[PDB]
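[1] Provided hereafter are the protein sequence and its experimental coordinates.
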Amino acid sequence: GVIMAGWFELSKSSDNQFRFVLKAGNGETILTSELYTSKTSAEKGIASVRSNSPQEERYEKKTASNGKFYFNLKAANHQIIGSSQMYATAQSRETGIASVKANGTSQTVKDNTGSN
């Protein structure tokens with residue numbers, strides 16, 4: 001077999017909204033897409049995060065007024081294809097860039113959808 005680098009999990013929310021979370025080797029969620037009305041938007045969501053995974057500049061390195069460093073990966077459609085969790089330190093945001101770059105080159109999607 002081949003070496004795995006993290007995994008995506010496509011789950012639909014309580015409002016049936018399709019949202020995949022990117023997790024690292026320890027299951028640490030490093031990226032989380034927005035609520036998509038269709039799974040087709042989530043397929044193009046992961047297609048875009050995988051293509052913009054080495055594109056460090058496409059990540060929006062921002063700091064919340066809570067003093068929290070995070071990054072939102074944009075699409076051509078101005079859509080957040082993956083917002084990161086708000087970190088305490090800036091170095092944790094940079095490790096986040098490296099981690100989403102590492103595990104974002106994968107496409108190992110776990111279908112958690114079908115919750116009814």
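    Okay, I see it. Numbers count the residues shown, from 1 in each chain.

[2] Going by C-alpha atoms from here, please, whenever you check contacts or count neighbours.
    Fine.

[3] Tell me the bridge partners for the closest residue in space to residue 86 that isn't next to it in sequence.
    Setting aside the residues directly before and after it, residue 86 is nearest to residue 70 in space (C-alpha to C-alpha, 6 or more residues apart in numbering), at 4.6 Å. Residues in a beta bridge with residue 70, per DSSP bridges, are residue 62.

[4] Residue 70 reaches residue 91, doesn't it?
    No - assessed by C-alpha atoms under 8 Å, residue 70 is found out of contact with residue 91, at 10.4 Å.

[5] These two: who's more crowded?
    The neighbour comparison of residue 70 against residue 91 (other C-alpha atoms under 10 Å) goes to residue 70, with 25 against 11.

[6] give the contact list for the more buried one.
    Shown here is residue 70, whose contacts under the criterion C-alpha atoms under 8 Å, 6 or more residues apart in numbering are 61-64, 83-87, 93.
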